[PDB]
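Each chain, letter by letter, is given below.
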Amino acid sequence: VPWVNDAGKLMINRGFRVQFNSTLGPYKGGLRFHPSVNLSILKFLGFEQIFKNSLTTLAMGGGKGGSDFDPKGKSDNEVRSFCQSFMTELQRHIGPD
Amino acid sequence: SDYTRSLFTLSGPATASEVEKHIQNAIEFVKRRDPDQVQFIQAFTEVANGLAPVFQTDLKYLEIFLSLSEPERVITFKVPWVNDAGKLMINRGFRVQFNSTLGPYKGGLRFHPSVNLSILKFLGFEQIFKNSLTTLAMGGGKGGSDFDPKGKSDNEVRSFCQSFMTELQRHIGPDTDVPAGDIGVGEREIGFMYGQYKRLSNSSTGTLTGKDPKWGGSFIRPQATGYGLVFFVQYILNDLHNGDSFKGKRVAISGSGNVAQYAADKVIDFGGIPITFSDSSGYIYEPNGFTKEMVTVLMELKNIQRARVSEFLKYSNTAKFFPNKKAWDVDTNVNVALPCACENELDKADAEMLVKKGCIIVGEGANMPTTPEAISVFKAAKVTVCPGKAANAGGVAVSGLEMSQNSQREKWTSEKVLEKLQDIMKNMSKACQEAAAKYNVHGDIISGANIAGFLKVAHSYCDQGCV
Amino acid sequence: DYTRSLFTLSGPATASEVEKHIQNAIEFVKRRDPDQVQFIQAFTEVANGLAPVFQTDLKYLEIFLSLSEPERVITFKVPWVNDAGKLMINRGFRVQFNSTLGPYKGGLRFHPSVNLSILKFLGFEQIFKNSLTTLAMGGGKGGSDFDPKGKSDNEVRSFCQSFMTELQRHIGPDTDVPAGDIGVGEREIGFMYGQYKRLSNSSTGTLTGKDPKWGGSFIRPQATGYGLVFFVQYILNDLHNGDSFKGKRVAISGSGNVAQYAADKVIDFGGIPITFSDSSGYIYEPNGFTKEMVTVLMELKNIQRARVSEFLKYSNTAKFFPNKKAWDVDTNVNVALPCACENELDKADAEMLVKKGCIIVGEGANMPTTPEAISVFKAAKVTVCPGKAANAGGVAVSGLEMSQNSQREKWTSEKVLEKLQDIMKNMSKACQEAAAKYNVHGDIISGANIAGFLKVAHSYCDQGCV
Amino acid sequence: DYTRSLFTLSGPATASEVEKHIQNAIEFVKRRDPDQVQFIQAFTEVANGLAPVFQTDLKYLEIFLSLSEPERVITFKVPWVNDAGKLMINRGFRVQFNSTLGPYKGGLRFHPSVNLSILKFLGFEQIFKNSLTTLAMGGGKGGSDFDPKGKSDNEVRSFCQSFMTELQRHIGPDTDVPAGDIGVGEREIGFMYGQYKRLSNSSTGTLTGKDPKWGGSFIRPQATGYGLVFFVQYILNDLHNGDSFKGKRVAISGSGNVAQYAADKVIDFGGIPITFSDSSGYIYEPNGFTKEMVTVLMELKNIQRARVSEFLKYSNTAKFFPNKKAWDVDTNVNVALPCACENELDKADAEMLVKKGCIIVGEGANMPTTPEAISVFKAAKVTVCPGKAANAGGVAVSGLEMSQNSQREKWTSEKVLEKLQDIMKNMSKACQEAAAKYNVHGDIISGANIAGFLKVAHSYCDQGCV
Ligand SMILES: NC(=O)c1ccc[n+]([C@@H]2O[C@H](COP(=O)([O-])OP(=O)(O)OC[C@H]3O[C@@H](n4cnc5c(N)ncnc54)[C@H](OP(=O)(O)O)[C@@H]3O)[C@@H](O)[C@H]2O)c1
Ligand SMILES: NC(=O)c1ccc[n+]([C@@H]2O[C@H](COP(=O)([O-])OP(=O)(O)OC[C@H]3O[C@@H](n4cnc5c(N)ncnc54)[C@H](OP(=O)(O)O)[C@@H]3O)[C@@H](O)[C@H]2O)c1
Ligand SMILES: NC(=O)c1ccc[n+]([C@@H]2O[C@H](COP(=O)([O-])OP(=O)(O)OC[C@H]3O[C@@H](n4cnc5c(N)ncnc54)[C@H](OP(=O)(O)O)[C@@H]3O)[C@@H](O)[C@H]2O)c1
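What counts and how
Residues numbered from 1 in each chain as written, not as in the entry; some residues may be left out. Chains lettered and ligands numbered in written order. Part of a larger assembly, values for the part shown. Heavy atoms only, no water. Residues with missing side-chain atoms left out of burial classes, pairs and counts. Pairing = 2+ DSSP bridges. Helix = DSSP H or I, 4+ residues; strand = E, 2+ residues; numbered from the N terminus. Axes fitted to C-alpha atoms, helices over the stretch in contact; angles between N-to-C directions. Contact = heavy atoms within 4.5 Å. Parallel < 35°, antiparallel > 145°, perpendicular 65-115°, else oblique. Nonpolar A, V, L, I, M, F, W, Y, C, P; charged D, E, K, R; others polar. Buried area = accessible area lost by both parts, 1.4 Å probe. Salt bridge = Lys/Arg side-chain N within 4 Å of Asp/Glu carboxyl O. Polar contact = N/O pair within 3.5 Å; in protein donor to acceptor, adjacent residues only side chain to side chain. Buried < 20%, exposed > 50% of the residue type's maximum accessible area, 1.4 Å probe, protein only.

Take the sheet that holds strand 4 (residues 31–33) of chain A next. All names here are of chain A. Pairing within the open sheet is mixed, and its three strands lie in the order 3-5-4. Sheet topology places strand 3 (15–21) and strand 4 at the edges, where each strand pairs with a single neighbour. Neighbouring strand axes in the sheet, compared pairwise and without regard to direction, differ in orientation by 15° on average. In this sheet, strand 5 (residues 62–67) lies alongside strand 4 in parallel orientation, the contact comprising three bridges. Looking across to strand 5, one finds that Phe-33 is bridged to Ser-67. Strand contacts of helix 2 (residues 76–90): strand 3, strand 4 and strand 5, with the helix running at about 140° to strand 4, the strand carrying the most contacts.

Below is the structure:
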């Protein structure tokens, strides 16, 4: 995820979307922006999310995603720039169904 | 002019010691992001250290290099398939789409139980810069699976290939990502995957390379790496050794596989005399050289009989075999050394032998054949070393020519493909020479290959807005 | 003709009949777009240039009218954030005028004056210039009212990325291949290419003018100047009974890329370039500029950004005349190549050139020769090669760039140059033949109008007039 | 507020300062589109109606200006072959103005007067009318200068199919859902729907106004008239402390669909409709029209296309007055419902109605009440229900049609009617609350302007101002 901060400097962060299971429905799960984020954590949350979503009785599968992007210390405009760049790639892999 | 200067935090010239520290900071940052990707960390380190002269002119290139070390896209996916017993099996599939600045992601697929993300990232990262060296419009990538072909029936490999391509087809295409073969993926696997891709996409395009000539394949594929090595060395001899040539030169070749065989054939076309071949058991030696007829016999022994080099004495009264020794040990003057066997095969002692025997140039057919200590010996002796990442790129170069033929919907003759491969090696050799002279030192082709490969990607990356 | 029944007007017509029908067409265009001053004027000028065709068959006027409506125009909001962090909104356009002969092809202009009327006039004319190249290219034009002046590199990047975020939805390697223009050079093409590649996840020839390292072509810098000389050389051969540039004194105006490379190619053909110019004046070498002298001039203009007068420091034979046009030079001139700007060659300049011995004019710039200057040349039987054909070398090489991308093969410089020369050979022959066919022999301006129009018109009817 | 830093202007301003800023905004809109007279007037009128909002925070003026640029406008040539076998070319349009709250939504107009300025003005206002419905709908408008008058059914079919051949590329059930308007009724909706389904190979709610047999909704013909009466009914309850239509004599102007169905719903609520009108005059029933009498009037107007005077043949009690407006009727009038045309209710008409006892005006037509008429009503404390809210019933039911298509379920007539009433219930409440918050209490005209705008502006900032 390349994005330009308020100082005009290019920053590069890592984005993830773990699409774990779609048996009962579309992948469903939150996005976490935090410096601690990595594949192991998102897989653990996404794996468990399959079965919590199953318990709801609704047609929802399991997934989880996010980035190591750290919101702390960032201006509103810097968050906007990262969010737009993050979704520029993510949109290719998601959708209402 | 410079349109991206404001984007970079690191900038300006730097001393050698400042660059060494910054490289350490970059390495540590890469480690923190991927603490246990040992091969990828090592790959980032080796490429970075080869670029110190560029970083000394402008530290912005180190920031660009770090940004290139993050893949644009990595796809991991479950691959379900049913074996011949009717049991469900699950394997992991990968496609590392590392960089597309110069063109579509390009890189092979490996099916082997050792495959994991770290290995595919190290191969994909280095592949960006070799593919840049071909001068062709190709990015860098790598993929595969932990699926183990050993012990599997043809039908089981077919089942896996179809399920694997069922997911991969979603992320590749003729203008996006063109995979190829590697360990565990040869013509059988390329054929099975191409059929599945064609069926799902309902199209006939050059989305894989390594295809059969009957459906989109290219000539010169078996000969590409050996021929390209000899083409590269020939041009270095003319440009850097004032009109020198392979003509009349005794050429010690190590290895007896496809690279060694076809390097010898092209050496003969250029008038050189190949005197040796080798394998893990020893080396064979012809005092007056091997002819094309003799190479043909050796090719049959290795490719059909699967014999050792010693078997060749059965066919030649002049041949001599020396057990448990390297080709570099041969007692005769050697003017050109072509290591085409494996990494670290030419050590400090071998290089010292070769200098005394009269070696003027080394051409690497294998990957990293020359040890660091051997390279230092060659540098002091003024023996040119042609780096493998440039000299053995003929195989990937022909894969690019296969893409060109598919885009043009025209199958080229053997002669046209060969001329194009030769022209690619001419421009690659000139670019390595020019980069070395401009940035580090004249005649250091190893430095020139590192610089020329990187800079084309980095400048294009800035042209494109660093996205 | 399988489309004959679709059109009401048919058969030959007198000049007065053609004028009446053209007036009815113009009025219809005015009612549709009452205030698009530039577009109405462009439709009028092209229609009047096609009178020889309309007199043979009035059906062509109805075809011309149906071509005057763009297939598709897209206007869109472009939001972007400047370096002060403030949201700015600009208007973006892509006029996809006609795709009969190939994908919509045409440049992008970033300038505060840009509006729909201007882009429609440029896009309409671009259909017929692109037709003349003989390549499979349609016609279009686009851009934005974004003003690059005063903008940082980063602000141009932000705008370019947002602009292409919308534009990518409507373009493609087989659909619409834009290029550069005023305000859109190497910087902007690179920023837009990167954004397009990221969004489409593909590496294709959807823009031309790219750097040779990623899909670009050789000869692009030299394309317009080289093509101008190729075209004049072939017109001299075809229409002036084997004549050539050899031994001819050539007055060149301008000292930019077009003038520099036109001079280089003139020398290759044995011509003698005697002048260069800029806004300050013109320089003159009585025995000509050599390739070495041109190289010195190129260094002065491209590196030092100097005036032409600086060249006198490097040549003792050179003379500088301030505040004068190259056409004023006191010597025999056989060829005039205006390569500076529109309206640089006026009636008085043309009368001078005729007296100095000028036999042919080649337009490297856009509309350099005024209407009265063209009348003087026509009455004197001095051939004028229209810019729409003669300066088409740039768009020609952009088409060759599309071929190289489709072939995924970078041609050598020599192959591109041979391809460009063959294009200019066929263009000159088609201009000559069209002029002769319609009874205005030697009128290369008419021949260029007819050849460009007719290939589009006939192909349009072949395709069912959709 | 996460978008504050993006806007240059911020903070409160006096009324005169806001007037200066609005003038600067108008001048900017004028320079961008110098000759779009209708659009400039629409921007001016909406901006002046939002002055109270701008006074609290000038950032809302910058947001309003950014909304005035369409996200996307597509213009395209429409070729079709008429019954004589001749090729005709018309211009097609789709202004996709704003999608902040949902897919672009707005009708299509086939009329020779159609141009970009008119469609932009209608599309811009459609953003805020659709916002008022509380439904997830953006704003848009489209059509063609194609003239249906004099055309055979087959020619309309040919044009509709060619028109949708291009339009389908830019619309979709989640992208843009067009509807009917002048020149585009059931016939045209059916022809276009068939073409869209064939090309897309899908059956979705990409058009509204469809027949109930294939994706259509009940209450579509009655929606605007019924919704007008619902809106006034709730305003009477909310602002006039429990008042209602019951027992009220209602002067209605016009005799088309809006007037007819408003009269029917007035009767349902216990009101007495006393007048109808057309360009020739008005008819008057001293004891009111019954539902049966309205049914006779509907047959006369929709079949036979007769004048209102023709109703006197069917009623001995009816009186006809030539060359006069309904507001002139000599009797006590409690409610006025202008359902004919813009500017039909002028200052003199408002003074008459106040004297006759009028307590509320409900606008079925677009801008029926002149500014001077509005001044008279405010002094008399007569509430005016703005058309942009009161006549939103048609677009509201178009949204309910989208919901039924998304659910693949046809609702009963009663369920659609219930949802339409609830929408008008919430719309009236939102208008009053907006007026109260900005200290224009009881000014439903301002409350409708503010509620429609603010939902879009706040959502626009929520979404990052893209
Ligand atoms: N062909 C290509 O596409 C290509 C491209 C780039 C780089 N390369 C590199 O080039 C090298 C050889 O390629 P190839 O196609 O010739 O492979 P190959 O067909 O396996 O031949 C390798 C040869 O080297 C010999 N060898 C291995 N280890 C040896 C040792 N320790 N001492 C002496 N000889 C030894 C092998 O003999 P044994 O049978 O006794 O092992 C064999 O004759 C490898 O490093 C490969 O990665 C190949
Ligand atoms: N190169 C192409 O492919 C291309 C593409 C599109 C259009 N054109 C047209 O070709 C012409 C310029 O081509 P170019 O690329 O060579 O542009 P350029 O590099 O800017 O050079 C233009 C030359 O003309 C001179 N000039 C401008 N106004 C003048 C005047 N009033 N009197 C005398 N000289 C004057 C300029 O000198 P100063 O330094 O004093 O301005 C400069 O030397 C223009 O008509 C342009 O629109 C060319
Ligand atoms: N129906 C909707 O959902 C909808 C949608 C958009 C806009 N509108 C607006 O609502 C109003 C009417 O809607 P509608 O569908 O009921 O239209 P309609 O079916 O045409 O009815 C309009 C009525 O007004 C009359 N009229 C026109 N000009 C008049 C005048 N100067 N004096 C007196 N009567 C006059 C017409 O009589 P003649 O036959 O003599 O003209 C006709 O009876 C218009 O302002 C229109 O813009 C309605």
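What follows picks up the thread again.
The next point concerns the packing of helix 5 (residues 117–133) of chain B against helix 16 (residues 445–463) of chain B. All names here are of chain B. Look at helix 5 against helix 16: their axes get within 8 Å of each other, and the N-to-C directions meet at 95°. By the angle between their directions, the pair helix 5 and helix 16 is classed as roughly perpendicular. Of the residues in helix 16, those in contact with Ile-128, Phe-129, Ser-132 and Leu-133 of helix 5 are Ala-449, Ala-452, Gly-453, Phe-454, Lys-456 and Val-457. Of the residues contributing to the contact of helix 5 with helix 16, the split by class is seven nonpolar, two polar and one charged.

This part is about the interface of chain C and chain D. In this assembly, 32 residues from chain C lie in contact with 32 residues from chain D. Between chain C and chain D, roughly 2,700 Å² of surface is buried when both sides are summed, and carbon and sulfur atoms account for 48% of that area. One can count six salt bridges joining chain C with chain D. A salt bridge links D:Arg91 to C:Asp33, with the nearest nitrogen and oxygen atoms 2.9 Å apart. Where chain C touches chain D, the interface holds 21 residue pairs in polar contact. If you list the elements that add at least two residues to the side of chain C that touches chain D, you get helix 4 (59–67), strand 1 (72–81) and strand 2 (87–98) of chain C.

Throughout the structure, instances matching the rule amount to 86 salt bridges over all chains. Between B:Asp269 and B:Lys266 there is a salt bridge, and its shortest N-O distance comes to 2.9 Å. A residue pair is termed a helical-turn pair when its members lie 3 or 4 positions apart in one helix, as B:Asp269 and B:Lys266 do in helix 9 (residues 258–269) at three residues. The class of B:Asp269 is partly exposed, set by a relative accessible area of 42%. Note that D:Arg109 is salt-bridged to D:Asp181, the shortest N-O span being 2.9 Å. Residue D:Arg109 is found in strand 3 (residues 104–110), and its partner D:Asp181 is found in the loop between strand 5 (176–179) and helix 7 (186–200); the two are separated by 72 residues along the sequence. Overall, the relative accessible area of 17% leaves D:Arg109 in the buried class. A relative accessible area of 25% means that D:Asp181 is categorised as partly exposed. By sharing partners, the salt bridges in this structure join A:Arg14, B:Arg33, B:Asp34, B:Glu70 and B:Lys121 into a single network.

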